[PDB]
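> Top to bottom, those sequences are chains X, Z, C and Y.
Using the authors' numbering, the first residue of the first sequence is number 421, and each one after it goes up by one.
Per the authors' numbering, the second sequence runs over residues 71 to 300, 439 to 497.
Per the authors' numbering, the third sequence runs over residues 344 to 353, 356 to 511.
Using the authors' numbering, the first residue of the fourth sequence is number 61, and each one after it goes up by one.
Think of the CB as a built atom: it goes at the ideal place given N, C-alpha and C, for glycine as much as any other residue.
Mind having a look at this structure? Questions to follow.
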Amino acid sequence: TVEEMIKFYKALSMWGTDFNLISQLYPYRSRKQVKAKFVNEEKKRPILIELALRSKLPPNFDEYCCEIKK
Amino acid sequence: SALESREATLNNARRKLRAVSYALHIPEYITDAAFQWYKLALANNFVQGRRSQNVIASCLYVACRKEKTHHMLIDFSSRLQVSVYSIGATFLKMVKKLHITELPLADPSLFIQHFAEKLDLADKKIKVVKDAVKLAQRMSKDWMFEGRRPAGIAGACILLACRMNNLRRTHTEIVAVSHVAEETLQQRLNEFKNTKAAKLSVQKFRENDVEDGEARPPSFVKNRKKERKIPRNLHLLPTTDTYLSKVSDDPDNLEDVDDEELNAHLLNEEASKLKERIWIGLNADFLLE
Amino acid sequence: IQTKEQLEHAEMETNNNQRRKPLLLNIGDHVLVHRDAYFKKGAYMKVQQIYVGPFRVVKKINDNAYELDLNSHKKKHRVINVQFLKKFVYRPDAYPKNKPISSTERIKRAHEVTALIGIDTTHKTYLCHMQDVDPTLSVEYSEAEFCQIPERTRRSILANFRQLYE
Amino acid sequence: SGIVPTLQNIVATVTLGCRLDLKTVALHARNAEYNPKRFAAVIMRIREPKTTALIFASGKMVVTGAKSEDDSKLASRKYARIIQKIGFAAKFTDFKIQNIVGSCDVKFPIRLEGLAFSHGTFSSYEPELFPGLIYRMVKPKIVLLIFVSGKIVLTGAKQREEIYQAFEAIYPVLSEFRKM
DNA sequence: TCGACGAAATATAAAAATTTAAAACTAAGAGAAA
């Protein structure tokens, strides 16, 4: 869904690479899927990668999301 | 002795090769050529660490290919889980190692004479197979089939022969032995429909099929223009050593990369504990091993 | 081999017919080519007479220019005259062993030899006859695998063959 | 004839001359993928100049993915600056390029089934596995991927003059392997 | 239900960099049998 893409955009804008964190958050993905989405988002959206680089949102979502299902 | 150790290994190779050949249904001289290729492989310091079925499958395939036959790698890999493409990769590795010469051609005319009996059989077995090979012979010279999985083009030609002739058969039942995706199958069928005027499709195709030029392969259409539209001189060839000399490798050249990188090489130390919290939360037992 | 020896020495032919004796060569058969593969040099008191192994012919230009794959096509390393061609590389029944290809092949099959022809004049390379192969085929040896053999008798007989020759 | 191959990918490596550990580097990194259970090597990604060089615990890094030779050495200098600023000296010396990959189109169609049978000494044709023809040239050592579409992968060389020499050497092969 | 596209899997050529078989190759150990 597009909401998952929005959440992944927020996650990549918050911190750097967090492949293990988002892999453990969603127990249906793998390293290949997140690597693939990083590859296809690094090229097609030049403004979004720079915006994530210059934004650096605080991690106010991953710490709370790590406890709801684990 | 040195000669004594060879015999047990050759006996094991013969036993495994005969065991696979008992399910592959190949003649005796093909197995003999495969065993002599296995002897050549052992003479070339046979690849260790490989699975036994891989090397015997490669030798069986090269023996069955040195004389024009019909066997396909899926038949080699038809025991419930074999991962056929690994066998293909091992064969590709053994191409250079064994240094194959006098390479055999890749023509799908012999494929149809073996695919005919299983799917889309005929009462006389003369009509559909000859129609398929006759259309394939002229579709090959149009430079359309080039490195495009000969089993797939054989199945597509069989489907075209069934379409032009009369045969009440299921379209999707052919994937039992052909093992071809429906997407590329219908791509090749409507490619044949595009490249043919369909002048007499309902009765019988044209008996004088000549297409001198006038056609291009689909990959040429995709990436000849390298975009989407909807004998040079040696002086013109510069050496790239000057490109490497342009960047200075001086020990004092540590401040030539100041393009805001110097403020952001690494993570800030104020969030090190914040990272460490979720690190010991998750990435903790991942290091103790 | 013995029957062929004693039949051909039972040992001549028709004079001046050998110029016309080369004939039309069909595409597909392996073709044996002379010393000038890509370089023509002063071979070491040459008695090998064609000096290399066979290749496959795919195309022909004229009656005196045949295309067959030896090297990359740079500087026309593909076609030679028919005076540098031969025809016959057959009977695997009489010659059981195949053609060795790699050095790691050569290390293991090194202790199966017949004769030594001469060192290649370029730098150091040896040219030899192997065992249970036809004498027309030749196998290239270097000094890397030349130290694991009875080679003393090999360069001994090469030395006395040179003494006979010159 | 006048078509020039496009410089597309360069593979190079350097040694920093220190027997360091990479857990210290991984613990302080803005963008770096690392998994200790698999290897001890860290993959790090930077936006510019679009390089994904792989660092090793032996003290050497293999620079890959750079579009230009200047970009490769500049990225290596940036990584040297990073490893200087984190915890180590790790002097940047002994640059070496191992492979250069290029792609270009020839603009006229090429016969390949005839090419497979003709140049089979240097070719390895397998339609069941790979659509293209793998041209394994010996002298000079450049491996080409010939296609019917004309787009040729030109990996194998460590330089650019070698790339140009390989292209002008194999251009007559495609010249006689034309389509009428 | 035919068309329209996205996308991993391979080759590819290197440099690499920890674990995993893994099948030739030796070498006991019994069992024959004139």
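Quick one: which residues of the segment 129-148 of chain Y get their C-beta closer than 7 Å to a C-beta of chain Z? List them in chain order.
129, 130, 133, 134, 137, 138, 141, 142, 144, 145 and 146
> So, is residue 93(Y) buried or exposed, given that buried needs 16 or more other C-beta atoms within 10 angstroms?
Along the fourth sequence, one-based indexing puts residue 93(Y) at 33. Looking at its Cβ environment, which holds 16 or more other Cβ atoms inside 10 Å, residue 93(Y) is buried.
> According to DSSP, is residue 100(Z) helix, strand or coil?
Taking the first residue of the second sequence as 1, we reach residue 100(Z) at position 30. DSSP places residue 100(Z) in helix when its eight states are reduced to three.
> In angstroms, rounded to a whole number, what distance separates the CA positions of residue 448(X) and residue 487(C)?
Position 28 of the first sequence, counted from the first residue, corresponds to residue 448(X). Position 142 of the third sequence, counted from the first residue, corresponds to residue 487(C). For residue 448(X) and residue 487(C), the distance between alpha carbons rounds to 58 Å.
> Skipping 5 residues on each side, what residues in its chain have a beta carbon closer than 7 Å to that of residue 275(Z)?
On the second sequence, position 205 is the one that residue 275(Z) refers to. Excluding residues within five positions, the ones whose Cβ falls inside 7 Å are 205 and 234.
> Anything in the segment 128-146 of chain Z with a Cβ closer than 8 Å to a Cβ of chain C? List those residues in chain order, please.
none
> Can you tell me whether residue 176(Y) is helix, strand or coil according to DSSP?
Working through the fourth sequence from its first residue, we reach residue 176(Y) at position 116. Residue 176(Y): helix per DSSP, three-state reduction.
> Going by C-alpha distance, which of 269(Z), 284(Z) and 283(Z) is nearest residue 277(Z)?
Against the second sequence, residue 277(Z) aligns to sequence position 207. Cα-wise, what sits closest to residue 277(Z) is 269(Z).
> Between 187(Z), 183(Z), 175(Z) and 211(Z), which has its C-alpha nearest residue 188(Y)'s C-alpha?
The count along the fourth sequence starts at 1 and reaches residue 188(Y) at position 128. Measuring from the Cα of residue 188(Y), the nearest candidate turns out to be 175(Z).
> Using a beta-carbon distance below 8 Å, is residue 491(Z) in contact with chain X?
Stepping through the second sequence from its first residue, residue 491(Z) is reached at position 283. Yes, because at least one Cβ of chain X sits closer than 8 Å to the Cβ of residue 491(Z).
> I'd like to know whether the C-beta of residue 171(Z) is nearer than 8 Å to at least one C-beta of chain C.
By one-based count along the second sequence, residue 171(Z) stands at place 101. It does: the Cβ of residue 171(Z) has a partner Cβ on chain C nearer than 8 Å.
> Of the residues that make up the segment 98-115 of chain Z, which ones have a beta carbon closer than 7 Å to any beta carbon in chain C?
Those residues of the segment 98-115 of chain Z that come within reach of chain C (Cβ to Cβ, closer than 7 Å) are 110, 113, 114 and 115.
> Of the residues 474(C), 357(C) and 363(C), which one's Cα is nearest the Cα of residue 397(C)?
Along the third sequence, read from residue 1 onward, the residue named residue 397(C) stands at position 52. Here the closest residue by C-alpha is 474(C).
> Just to make sure I have the definition right: I need the residues of chain C whose C-beta is within less than 7 Å of the C-beta of residue 232(Y). Which are they?
Taking the first residue of the fourth sequence as position 1, residue 232(Y) is located at position 172. Under the 7 Å cutoff, chain C gives 418.
> Starting from the beta carbon of residue 7(Y), find every residue of chain X whose beta carbon is closer than 9 Å, and list them in chain order.
Missing from the structure shown is residue 7(Y); chain Y here goes from 61 to 240 and no further.
> Residue 86(Z) to residue 208(Y), Cα distance in whole Å?
Reading the second sequence from its first residue, position 16 is the one you call residue 86(Z). Reading the fourth sequence from its first residue, position 148 is the one you call residue 208(Y). Residue 86(Z) and residue 208(Y): Cα-Cα distance of roughly 40 Å.
> Less than 8 Å between CB atoms is the rule here; does residue 201(Y) satisfy it with respect to chain C?
Taking the first residue of the fourth sequence as position 1, residue 201(Y) is located at position 141. No, its Cβ sits nowhere closer than 8 Å to a Cβ of chain C.
> DSSP three-state label for residue 89(Z), please.
The residue labelled residue 89(Z) in the question sits at position 19 within the second sequence. In the structure shown, residue 89(Z) sits in a helix (DSSP, three-state: H, G or I).
> Using a C-beta cutoff of 8 Å, does residue 442(X) count as contacting chain Y?
Residue mapping note: residue 442(X) aligns to position 22 of the first sequence, counting from 1. For residue 442(X), the answer is no, since every Cβ of chain Y falls outside 8 Å of its Cβ.
> Is it the case that the Cβ atoms of residue 206(Y) and residue 72(Y) are separated by a distance below 8 Å?
Translated into the one-based positions of the fourth sequence, residue 206(Y) becomes position 146. Translated into the one-based positions of the fourth sequence, residue 72(Y) becomes position 12. No, these two residues do not count as a Cβ contact at 8 Å.
> Which residues mark the beginning and the end of the alpha helix (DSSP H) in which residue 489(Z) is found?
Working through the second sequence from its first residue, we reach residue 489(Z) at position 281. That run of the alpha helix (DSSP H) goes 480-490.
> Closer than 7 Å by C-beta to residue 481(C): which residues in its own chain qualify, once you throw out the five before and the five after it? Chain order, please.
Looking up residue 481(C) in the third sequence gives position 136. Cβ neighbours of residue 481(C) beyond the five flanking positions: 377, 395 and 434.
> Report yes or no: is there a C-beta of chain Z within less than 8 Å of the C-beta of residue 454(C)?
In the third sequence, residue 454(C) corresponds to position 109, counting from 1. Answer yes: the Cβ-Cβ gap between residue 454(C) and chain Z drops below 8 Å somewhere.
> Starting from the C-beta of residue 493(C), find all residues in its chain whose C-beta is less than 8 Å away, skip the five residues before and the five after it, and write them out in chain order.
For the purposes of this step, residue 493(C) is taken as residue 148 along the third sequence, with counting starting at 1. Cβ within range, chain order: 452, 455 and 456.
> Is the segment 160-167 of chain Y in contact with the segment 84-103 of chain Y, if contact means three or more CB pairs nearer than 8 Å?
no
> Run through DSSP, which three-state label would residue 154(Z) get?
Residue 154(Z) sits at position 84 when you count from the first residue of the second sequence. Note: residue 154(Z) maps to helix in three-state DSSP.
> Would you say residue 414(C) reaches chain Y, if we count a Cβ-Cβ gap shorter than 8 Å as a contact?
Within the third sequence, the letter at position 69 stands for residue 414(C). Closer than 8 Å to some Cβ of chain Y, the Cβ of residue 414(C) qualifies, so yes.
> Determine the direct distance from the alpha carbon of residue 296(Z) to that of residue 286(Z), and round the result to whole angstroms.
Indexing the second sequence from 1 puts residue 286(Z) at position 216. Indexing the second sequence from 1 puts residue 296(Z) at position 226. In a straight line, the C-alpha of residue 286(Z) is about 15 Å away from that of residue 296(Z).
> Which of the three DSSP states, helix, strand or coil, is assigned to residue 73(Y)?
As a position in the fourth sequence, residue 73(Y) is number 13, starting the count at 1. In the structure shown, residue 73(Y) sits in a strand (DSSP, three-state: E or B).
> List the DSSP bridge partners of residue 471(C).
Taking the first residue of the third sequence as position 1, residue 471(C) is located at position 126. DSSP output for residue 471(C) lists 464(C) and 486(C) as bridge partner(s).
> Answer yes or no: do residue 152(Y) and residue 457(Z) have a C-beta to C-beta separation smaller than 8 Å?
Indexing the fourth sequence from 1 puts residue 152(Y) at position 92. Indexing the second sequence from 1 puts residue 457(Z) at position 249. Yes. Within cutoff.
> When the Cα atoms are used, what is the spatial distance from residue 367(C) to residue 78(Z)?
Within the third sequence, numbered from 1, the residue matching residue 367(C) stands at position 22. Within the second sequence, numbered from 1, the residue matching residue 78(Z) stands at position 8. In this structure, the CA atom of residue 367(C) is about 48 Å from the CA atom of residue 78(Z).
> Around the C-beta of residue 349(C), are 16 or more other C-beta atoms found within 10 angstroms, so that it is buried, or is it exposed?
Residue 349(C) sits at position 6 when you count from the first residue of the third sequence. If you draw a 10 Å sphere on the C-beta of residue 349(C), you find fewer than 16 other C-beta atoms in it, and that means exposed.
> What is the rounded straight-line gap between the Cα of residue 462(Z) and the Cα of residue 118(Y)?
As a position in the second sequence, residue 462(Z) is number 254, starting the count at 1. As a position in the fourth sequence, residue 118(Y) is number 58, starting the count at 1. Distance between the alpha carbons of residue 462(Z) and residue 118(Y) is about 22 Å.
> Can you find at least 3 beta carbon pairs, one from the segment 62-78 of chain Y and one from the segment 407-423 of chain C, that sit closer than 8 Å?
no
> Under 8 Å, Cβ to Cβ, is there at least one residue of chain C near residue 61(Y)?
As a working mapping, residue 61(Y) is identified with position 1 in the fourth sequence. Judged by the 8 Å Cβ criterion, residue 61(Y) is not in contact with chain C.
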